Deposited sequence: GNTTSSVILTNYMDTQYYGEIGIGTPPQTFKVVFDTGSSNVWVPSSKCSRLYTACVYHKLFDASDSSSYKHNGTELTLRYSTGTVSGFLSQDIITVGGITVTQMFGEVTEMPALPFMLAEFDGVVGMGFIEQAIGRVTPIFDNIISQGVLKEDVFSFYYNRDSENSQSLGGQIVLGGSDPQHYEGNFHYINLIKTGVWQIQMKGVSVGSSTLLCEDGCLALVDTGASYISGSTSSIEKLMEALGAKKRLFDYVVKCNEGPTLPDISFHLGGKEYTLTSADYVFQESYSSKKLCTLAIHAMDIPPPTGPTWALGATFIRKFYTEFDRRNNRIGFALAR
């Protein structure tokens, strides 16, 4: 063991957190989202048509400019809530800061304009389990464990607020004590295969409203917002007094700071987010509407129904993902 490597992340306005990786010899670089909610790796491809204008506006992998390439070409499709991305598998040598692994990844040749014209990232790196991976394709953190290079079989996340500075920082093989305070509070996974833990309550003010008897909480580094079931979120947004719109929830900007705290009850402690954490205070005007960084999503079986504690949450709490001990550690971020 003994190794620990830390990649550095750009924060596009608290909604996209991406960092650099290389593919090939010589390396071709890609801005990518590291995603505990998924297990596959992909980037856009040469063989993407120019019909897909998402591919025009992103960096493309070219197989023919890597001496380490290893054609497979098996079809791959990846479902996200905003439609799918399709491509073919291939293999090449991938660099993640200081670590280099031979990895099987997807070359996307169908990349929709919704959502990806708004995407500052090119690709995604799945940090979930092979159980979740499409194809039973060995995920990248499995292969990094296989190497016996890491100090401990863990990785961890730091998301900062967008101040205008350090955007964020993933750390493979451990955690950065400079970006959290106190010690970790650890919570064992329900089961292997999903970065998903049991939640024992969701509370507004002192009044514990929902998940009273218990429910699951997926810990999702690829998610921008906290999310819950539609029936959970409507009961939450009713309590907060937020209006719905086509796709998000809003409040009058002047009301934001007076909104109640939201507490999530995890491994015995409560994990509190104040209106400062969960609102986008662009102004404090009565004349404007400010978005809450929370929304509805009914994640299907088997993974859901479940809450997803995305970036809105991780910003406040540094998150270690323990693959050795099949648990998650939380700690007040700084």
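Counting from residue 1 of the deposited sequence, the single stretch lacking C-alpha coordinates in this chain is 165-167.
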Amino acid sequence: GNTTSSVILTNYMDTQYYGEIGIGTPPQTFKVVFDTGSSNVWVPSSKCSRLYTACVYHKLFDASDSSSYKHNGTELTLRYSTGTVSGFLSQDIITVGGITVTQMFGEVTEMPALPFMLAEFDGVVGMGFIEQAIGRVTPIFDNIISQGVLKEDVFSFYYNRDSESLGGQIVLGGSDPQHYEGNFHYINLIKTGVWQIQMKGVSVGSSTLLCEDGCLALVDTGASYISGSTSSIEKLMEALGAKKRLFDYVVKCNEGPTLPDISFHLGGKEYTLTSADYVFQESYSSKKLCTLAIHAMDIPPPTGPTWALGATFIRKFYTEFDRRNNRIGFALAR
From here on, numbers count along this sequence of modelled residues.
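Basically, rigid core = biggest C-alpha set you can superpose within 1.5 Å across the two forms.
In summary, of the stretches 78-86 and 216-224, 78-86 shows the greater Cα distance from the shown form in 9 other deposited structures of this protein, with structures fitted on the rigid core. Between stretches 52-60 and 304-312, greater average Cα displacement in 9 other deposited structures of this protein relative to the shown form, fitted by the core, falls on 52-60. Residue 165, though modelled here, lacks coordinates in at least a third of the other entries of this protein that were compared and that model residues flanking it.
Figure legend: residue 329 is marked as modelled in all of the other comparable entries of the protein, none of which omit it, let alone a third. Between 57-65 and 299-307, it is 57-65 that carries the larger average Cα temperature factor according to the deposited entry. When the mean C-alpha temperature factors of 223-231 and 206-214 are read from the deposited coordinates, 206-214 comes out higher. Between the residues 100, 138, 258, 188, it is 100 that shows the highest Cα B-factor in the PDB record. The PDB entry assigns its highest CA temperature factor, among 25, 312, 319, 16, to 25. In this PDB entry, the Cα temperature factor of residue 111 sits in the middle third of its chain's modelled residues. When the modelled residues of the chain are ordered by their C-alpha B factor, residue 156 lands in the lowest third. Among the modelled residues of the chain, residue 41 sits in the middle third by CA temperature factor in this PDB entry. Split the chain's modelled residues into thirds by C-alpha temperature factor. Residue 78 is in the middle one. Compared with the other modelled residues of the chain, the Cα B-factor recorded for residue 91 ranks in the middle third.
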